[PDB]
Amino acid sequence: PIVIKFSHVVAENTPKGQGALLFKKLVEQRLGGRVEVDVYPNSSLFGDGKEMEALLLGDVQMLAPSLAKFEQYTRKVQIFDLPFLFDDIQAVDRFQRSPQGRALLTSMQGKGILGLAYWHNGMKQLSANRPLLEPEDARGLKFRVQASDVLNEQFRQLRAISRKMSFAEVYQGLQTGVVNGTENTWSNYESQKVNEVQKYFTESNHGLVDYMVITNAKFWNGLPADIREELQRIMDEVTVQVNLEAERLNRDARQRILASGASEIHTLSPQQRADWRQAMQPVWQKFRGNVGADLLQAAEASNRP
């Protein structure tokens, strides 16, 4: 039996958590015991950063990290972190399906990482212990960000303080005041109960959390061809399921946060959104050389159906 250990940092009741569990179920139902799958959620086996070290070492065989967590392996995936680049997940999906977007799945093959698929989670919103209605509202705040130079600079541009922290540490960081605010999808906020430590949310859709399903190129390329292709077909089916569940789980997450009564959500007006974009988009100039004109052109073109 070939064992595939799939580690991740999110709760089970999420797009990625359900996706990993579906992959395991379909492998069990279709590969007759030739492949077995173990799933380790919520940083139970490996958390941020460590997971990739383990992937390269062979302590794990499959991951699906946020596209914001690959700067140590390539700087091309940074495109997904640029604020307000993608209007919505439909635009990002279009970019991901472009020749360029597909090519990015192999951007790290030279470091031993193979991308197998993109999984959607959703757009990012803002959270803090004070209201965030106008960009000046973020000044002085300490925001937890994923380990991303783009996201670090995003809040630096708003005259705020950025703290790169592993996802598992967000709740405690906010409860203890190491950080005062953050950014994430409704699913991640509710699934991790972070609304209990954030009284104010702003629906800004200023970015997104999407994932690249990845594996160790040596493990995957060493699989029997029939098994590899079958696993890829199953992954393709799982991707559709994740992408469909993602939008609805995020909708349910927002409703449960609003129902809580312990947190408020302000939705930005078109004009407010534009002012936040005008204030944050200057960060793009710092990374344009890394991503390149072509990728930026393709990403901007993805906003036009």
Side-chain angles (χ1 to χ4, degrees), residues 66-68 71 75-96 100-101 120-164 179-186 188-189 198-210 250 254 264-305:
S66 163
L67 297 168
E71 287 167 348
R75 249 87 175 197
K76 292 292 190 183
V77 180
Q78 290 193 314
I79 187 89
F80 288 113
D81 272 345
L82 292 189
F84 295 102
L85 182 48
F86 303 101
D87 291 346
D88 45 32
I89 294 301
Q90 301 96 306
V92 79
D93 185 74
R94 282 193 290 266
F95 176 65
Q96 293 171 343
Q100 295 100 320
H120 302 310
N121 179 336
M123 307 296 290
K124 284 182 306 187
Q125 320 303 341
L126 290 162
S127 68
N129 278 316
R130 65 139 296 153
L132 294 180
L133 322 173
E134 297 301 336
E136 42 255 57
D137 298 355
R139 293 171 63 90
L141 296 183
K142 312 162 133 254
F143 291 86
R144 178 261 168 180
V145 280
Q146 300 164 86
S148 158
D149 290 335
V150 174
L151 301 185
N152 200 94
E153 194 47 48
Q154 162 169 294
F155 288 112
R156 295 293 299 296
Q157 172 75 24
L158 288 169
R159 324 291 310 189
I161 295 149
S162 297
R163 291 265 73 88
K164 294 173 192 185
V179 273
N180 318 133
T182 188
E183 47 160 23
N184 228 303
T185 69
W186 301 123
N188 274 340
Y189 274 126
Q198 297 277 257
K199 319 149 179 198
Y200 298 99
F201 289 84
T202 290
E203 186 175 331
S204 48
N205 304 301
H206 63 279
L208 54 96
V209 172
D210 263 26
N250 273 286
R254 183 191 196 289
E264 315 176 12
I265 303 171
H266 165 80
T267 310
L268 287 182
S269 78
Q271 305 86 17
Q272 268 173 328
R273 209 169 172 266
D275 291 338
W276 278 87
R277 174 167 182 141
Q278 196 195 345
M280 298 168 56
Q281 178 144 350
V283 307
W284 292 21
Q285 324 315 310
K286 319 288 208 37
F287 301 101
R288 189 184 305 274
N290 291 346
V291 299
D294 177 72
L295 285 193
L296 203 55
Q297 184 212 289
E300 295 250 54
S302 80
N303 285 314
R304 350 220 260 286

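Starting from 1, each residue takes its place in the sequence as its number. Only heavy atoms go into these numbers, but all of them, side chains included; no hydrogens, no water, no symmetry mates.
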side-chain contact (heavy atoms from CB on, under 4.5 Å) between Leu158 and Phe143: does it pass, once the steps are laid out?
CA-CA 11 Å; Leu158 288 169; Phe143 291 86; 5.9 Å; no

Would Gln125 and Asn205 count as a side-chain contact (heavy atoms from CB on, under 4.5 Å) here? Give the steps.
CA-CA 5 Å; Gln125 320 303 341; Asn205 304 301; 2.8 Å; yes

Ignoring hydrogens and angles, tell me if any N or O in the side chain of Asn180 forms a donor-acceptor pair with the backbone of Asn129 under 3.5 Å.
no

Here the pair of heavy atoms bringing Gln198 nearest to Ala128 is OE1-N, 3.2 Å

Identify each donor-acceptor pair in which a side-chain atom of residues 84-93 lies under 3.5 Å from a protein atom, sequence neighbours left out, and give them as a table.
| unit_1 | atom_1 | unit_2 | atom_2 | d |
| --- | --- | --- | --- | --- |
| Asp88 | OD1 | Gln90 | N | 3.4 |
| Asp88 | OD1 | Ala91 | N | 3.0 |
| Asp93 | OD1 | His120 | NE2 | 3.0 |
| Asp93 | OD2 | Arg97 | NE | 3.1 |

Heavy-atom pair with the smallest gap, counting every atom of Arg144 and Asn184
NH1-ND2, 3.8 Å

With sequence neighbours excluded, what pairs up with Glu153 under the side-chain contact (heavy atoms from CB on, under 4.5 Å) test?
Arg156, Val283, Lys286, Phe287

Between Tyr189 and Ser127, is there a side-chain heavy-atom distance shorter than 4.5 Å?
yes

For residues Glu203 and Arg254, determine if any side-chain heavy atom of one lies less than 4.5 Å from a side-chain heavy atom of the other.
yes

Side-chain H-bond candidate by donor/acceptor type, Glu71 with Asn290, under 3.5 Å
no

Taking all non-hydrogen atoms of both residues, which atom of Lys164 and which atom of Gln146 are closest, and how far apart?
CG-O, 3.8 Å

Residues forming a side-chain contact (heavy atoms from CB on, under 4.5 Å) with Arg288, sequence neighbours excluded:
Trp284, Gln285, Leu296

On a heavy-atom basis, the closest approach of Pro305 and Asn303 is CD-O, 3.4 Å

Here the pair of heavy atoms bringing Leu132 nearest to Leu126 is CD1-CB, 4.0 Å

